[PDB]
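For reference, the structure discussed in these notes is given below.
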Amino acid sequence: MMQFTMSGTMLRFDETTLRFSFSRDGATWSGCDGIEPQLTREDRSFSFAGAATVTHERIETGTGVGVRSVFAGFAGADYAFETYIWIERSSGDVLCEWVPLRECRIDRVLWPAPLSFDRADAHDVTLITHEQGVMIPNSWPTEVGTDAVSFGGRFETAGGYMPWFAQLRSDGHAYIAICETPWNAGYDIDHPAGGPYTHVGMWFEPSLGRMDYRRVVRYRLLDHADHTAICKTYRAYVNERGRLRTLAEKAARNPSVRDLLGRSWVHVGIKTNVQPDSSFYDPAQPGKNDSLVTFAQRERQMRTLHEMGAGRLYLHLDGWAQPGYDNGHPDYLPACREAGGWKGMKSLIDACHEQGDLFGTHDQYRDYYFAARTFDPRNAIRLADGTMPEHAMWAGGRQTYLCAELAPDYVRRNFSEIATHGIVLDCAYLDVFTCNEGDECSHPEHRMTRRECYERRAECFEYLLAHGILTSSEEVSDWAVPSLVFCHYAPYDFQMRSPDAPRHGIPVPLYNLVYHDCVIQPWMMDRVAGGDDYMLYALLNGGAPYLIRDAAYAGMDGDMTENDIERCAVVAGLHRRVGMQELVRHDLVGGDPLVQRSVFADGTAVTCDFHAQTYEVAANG
Ligand SMILES: CC(=O)N[C@@H]1[C@@H](O)[C@@H](O)[C@@H](CO)O[C@@H]1O
Ligand SMILES: [Ca+2]
Ligand SMILES: [Zn+2]
């Protein structure tokens, strides 16, 4: 009904239906029939078309053309907002803006409506950033819904490592929807079992109980596209906004960055101390609740691994402080006395250094345990309704969350304490920051939006990098790329579920296609009986190997072979070569999902065959 044509792109918008479509290179995409943009409230969902008053305005500006719509009055309530949908002159992109105008609650906004993608074509695929990456054919036999996606499909979490989703038709015509305001946003996915469609749509939540700021989505219509090309679209978007911070850039400040290339990872612990109120407590099993390996025993194990030719190692050490793993944070001091104290910890670190190996502590600044020495609810998060959240899931029992406004204060305190004891960490791990969503806090003394929370968590990382301590956290949610050197992993979703559970799609390294040259990742080395050797995904992603990966809690943290040292050497060998390079291309060879190739900046090419369970590392290209 309203039609616009600008820079190779056409936008069509119907004033009654509120449906739109856009075209470029002769491909047209439209809103799904029968799926209208929604406001959800505690009391009910409304279509935008449900407003008392809806006006439209045709618009041309120095930068684009399009339509701005104002919507006012819902049920009997004076609530208003406006949208703006437009083509950008310089690019042909289509931009969608939702702008709050009057608010006086709204739970969620589902907008823009998903696009139609309804051919059971099997080469018609949807890309989502749920962990390392998933490509979902329209014919895929297993159901995929938002409630099977981590964190409800929230961006800036394991559910949405990057703020985008994309759909790719078999003819190479595709779109990528980039959420430019991702901090109170996420995606919704609907793929019924066998299809024949997959619908993917943005959602937006209020910030501290108000929609507050403009929400923006940017669509780019691509042609001759494949999944590699879609990823590079978002890579350029990010570098254009200054957030593509390469390892090389990081190395110019902290040359020790390069010293992670080719290391094999060791993840093991010291003190376990499961409290009676913990959900993990086993009341009939004292030896299970309460265990200890000393610093000396870990020192001997490091000497031994070295003596056996394990090679260049990085040791991440759990549960090294007095309260025990997952107890007492942020009061997670001093080094555990029964393990050997500061003396034994220092001796262990020295032994690592003496043998050319690197050392990092597992630490935690979000979980705030009532048993912390200085526990005070005044330092805790308050939710938008003013409640203090609480649970007793982990080893240390009853907890709330520490408001991230204050987390840098605690990081500064604890790390400067550690340093005064002749402990010189090569690295540090601040758990959960890069897996879980950023908190919001309505406490007047430390009010914080989700967006500010990510900034404060980055500030904690910055403290470490300023002291020459390389930074790690749980996963790789891309808010963190400017300030994060490495992670605990950046696994595929399927590696985090039983190998028996059906998958949601074909595994593809969407995150590495964007960020391989920015964040270092170790990789699970496990073999599935009757299934995949996880080594192969480590090679496709050009990552480091886990030599030892002890679970903190049985069944958690992707807790599911005899030549370990040898298998590591092959992975590390590659990593030492391509650890700092772009992952340029990834392909399903011949379109076969079970045959995959990755190509790095220096031409090195990695082919993995999941029929044969075999690999091949060539320099050809
Ligand atoms: C891999 C990893 O360290 N996972 C940990 C888990 O073991 C537990 O400590 C939790 C507490 O919030 O934080 C992370 O999820
Ligand atoms: Ca750990
Ligand atoms: Zn606060």
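Using ideal geometry, Cβ is built from the backbone for each residue, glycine included, and neighbour counts are taken over all protein chains shown. Please treat every number below as a calculation from the coordinates, not as lab data.
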*What order do you get for 200-206, 342-348 when each peptide is scored by the mean count of other beta carbon atoms within 10 Å, highest first?*
200-206, 342-348
*asked:* In whole Hz and in residue order, list the ³J(HN,Hα) couplings for the stretch 313-320 that follow from phi through the Karplus curve 6.51 cos²θ - 1.76 cosθ + 1.60, θ = phi - 60°; x for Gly and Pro.
replied: 10, 10, 9, 9, 10, 6, x, 7
_Sequence-distant residues sharing a close amide H with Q132 (under 5 Å, placed H)_ = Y492, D493
*Counting only residues 5 or more places away or on other chains, whose amide H sits under 5 Å from the amide H of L313 once H atoms are built in the peptide plane?*
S264, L358
*Spatial separation of Cα centroids for the stretch 474-497 and the stretch 299-344, in angstrom*: 23
*For the stretch 432-437, just list the computed ³J(HN,Hα) in residue order, Karplus coefficients 6.51, -1.76 and 1.60, θ = phi - 60°, integers in Hz, with x standing in for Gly and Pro.*
6, 3, 9, 10, 7, 4
*Over what distance in Å are the Cα centres of the stretch 115-194 and the stretch 213-279 separated?*
19
*If you plug each phi of the stretch 417-426 into the Karplus form 6.51 cos²θ - 1.76 cosθ + 1.60 with θ = phi - 60°, what whole-Hz ³J(HN,Hα) values come out, in order, with x for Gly and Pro?*
4, 3, 4, 6, 10, x, 8, 10, 6, 7
*On full extension of the chain, what length is gained from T374 through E249, given 0.36 nm per residue of separation minus the C-alpha to C-alpha distance?*
41.1 nm
*What are the residues whose amide H is under 5 Å from the amide H of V144, where those residues sit 5 or more places off or on another chain and H is modelled from the backbone?*
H191, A193
_Cβ-defined net charge surrounding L358, 9 Å radius [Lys, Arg +1; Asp, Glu -1]_ = -1
_I'd like to compare 309-316, 129-136: which one has the highest average count of other Cβ atoms within 10 Å, and what's the full order after that?_
129-136, 309-316
*Per-residue ellipticity at 222 nm for the chain, helices alone: DSSP H runs ≥ 4 residues times -39500 (n - 2.57), over residue total, nearest 500 deg cm²/dmol?*
-5000 deg cm²/dmol
*asked:* For the chain, I need the span (max minus min coordinate) of the C-alpha atoms along each principal axis, in Å, sorted largest to smallest.
replied: 76, 60, 48
